[PDB]
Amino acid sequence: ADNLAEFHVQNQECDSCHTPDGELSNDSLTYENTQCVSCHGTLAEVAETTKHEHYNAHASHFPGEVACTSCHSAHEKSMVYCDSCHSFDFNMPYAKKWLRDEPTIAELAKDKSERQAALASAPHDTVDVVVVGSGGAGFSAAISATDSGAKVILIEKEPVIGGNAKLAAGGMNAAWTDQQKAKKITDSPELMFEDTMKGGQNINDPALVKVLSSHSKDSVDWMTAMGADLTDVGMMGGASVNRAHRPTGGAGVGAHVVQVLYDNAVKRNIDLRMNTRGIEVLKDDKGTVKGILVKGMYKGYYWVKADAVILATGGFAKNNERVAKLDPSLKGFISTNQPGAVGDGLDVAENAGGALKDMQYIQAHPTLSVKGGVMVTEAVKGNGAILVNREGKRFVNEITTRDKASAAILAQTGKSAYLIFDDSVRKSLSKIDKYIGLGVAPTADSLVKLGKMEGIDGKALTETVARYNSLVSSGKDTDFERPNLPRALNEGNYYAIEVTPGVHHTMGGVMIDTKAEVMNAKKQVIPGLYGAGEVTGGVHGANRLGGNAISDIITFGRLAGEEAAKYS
């Protein structure tokens, strides 16, 4: 067989997969996926048959219910979604090599005939609010709009939910929470505001930062009430005290928060549509939102009539061509991002009259795994890891600004560095076990052996850790002025992770006000149009603090949904 359908039709009728009339049920292929499961079992049940020691195509860190058709097409060869960041040894029947070639919004102007036909038809749906993007901002808006009594459709262009938010590790910033208080942490929303303003070089819109800091506690409360565990409170660079909230034991905040939002959306019966890309915001003769043209992968173009459209589409950090035009120093870098994070929602915003701001400010995350090509959380350093160069020396305050950390690492022999840590750090942050499982954290019972394994000067490395640990006990880093020194590296075995900078976060995007209303270049509100999350600019200025994006998407997502529902 050349394809999966051909294989099945040897022994099966068409209607073993299809509805009676043969038409595709919807863009999520709900009915068709239900048929896969009726014969093969759920994803969890399939996973029992495809275990490898350290990975499993059918049991991943992805939240929600991942549809079979995300990777298995019927009538043509298909790609393994996991191939967009990893290179596991897979043998998926009817596989083809991972390639993402999604048309830009501009290229889709060539579908004029089909688009005109769609717009000439009745709206497929008439609702109050359409939310575009199933990341943290979009789920938060969809849920909060629904709880405010609005009828919502939530669309996602990808086959899977969650965007970049499902990848978040280090935490969700907030002050002054019950969770902090339970851990003996003293904080304030004012201190958070002041850290954030300082972190963004005072470029941030102060009114947006005040929403961020002042709503942050309520957003942790809101997530917790919906079932989230945010009780572990870690340290990340640029924060005056521990405020990065995440699940017990230091697990990843992202997959967890997105799973909770997913469960809560399903419980409220929110209409969520996969493989459904927002193309064009529709405006009436007076310039207010009247709906949105969408493109379903399977069902084609159609439009939804709505009073309000919330753009919650994330950043463009995966789009290196667009990144390099704005910041040439990032050209050719690998990204930490999901394959769809290319900025098409910004194109949709601009076409609707929205102005962009702060686009030139793009964050490189200092520590991508050289070996794995994936982000290594700053929480590894926050919890006590150091950085060494190949010479076996520290060379930077590990929790300095991300731009300076990145610059420092690129300045070292080989343009990479090593995270160095022990079992006490490892046990303090369960996320570290994920790096060990990936195979990117080689270990030894001494630093001489470890250095020899990795090409790091082993005597210098030994002496560097002895010297650092002395600095920890005395409570001051007279070498690089690291302001937080939580742990000596002296329990059990030692680990090295080779790391290098990658493109991570785009601080610019659509201008919003404190109501998440999108504004034009004249600073006039576009009535019915909203923006929330990494798609927006102004919140983070010139540099975002770690933990501040998950805070932003929940706060601004929730607020947009409430505002859009009241607008109505």
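Residue positions are given as counts along the sequence shown, with the first one as 1.
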Margin query: Please compare 140-148 with 280-288 and say which has the higher mean C-alpha temperature factor in the record.
Written below: 280-288
Next item on the list: Report the stretch with the higher mean CA temperature factor, choosing between 457-465 and 169-177 on the basis of the entry.
Entry: 457-465
Item checked: Deposited CA B-factor, highest of 349, 228, 342, 448 -> 448
Margin query: For the CA B factor values reported in this entry, which option in 273, 256, 381, 482 has the top one?
Written below: 482
Next item on the list: Tell me, lowest, middle or highest third: where does the Cα B factor of residue 494 rank within its chain?
Entry: highest
Note to self: Split into thirds by Cα B-factor across the chain's modelled residues, where does residue 61 land: lowest, middle or highest?
What the structure shows: lowest
Notebook entry, point to check: C-alpha B factor of residue 560, ranked within the chain: lowest, middle or highest third?
Noted result: lowest
Margin query: Could you place residue 108 in the lowest, middle or highest third of its chain by Cα temperature factor, using the values in the record?
Written below: highest
Check: Split the chain's modelled residues into thirds by Cα B-factor; is residue 70 in the lowest, middle or highest one?
Finding: lowest
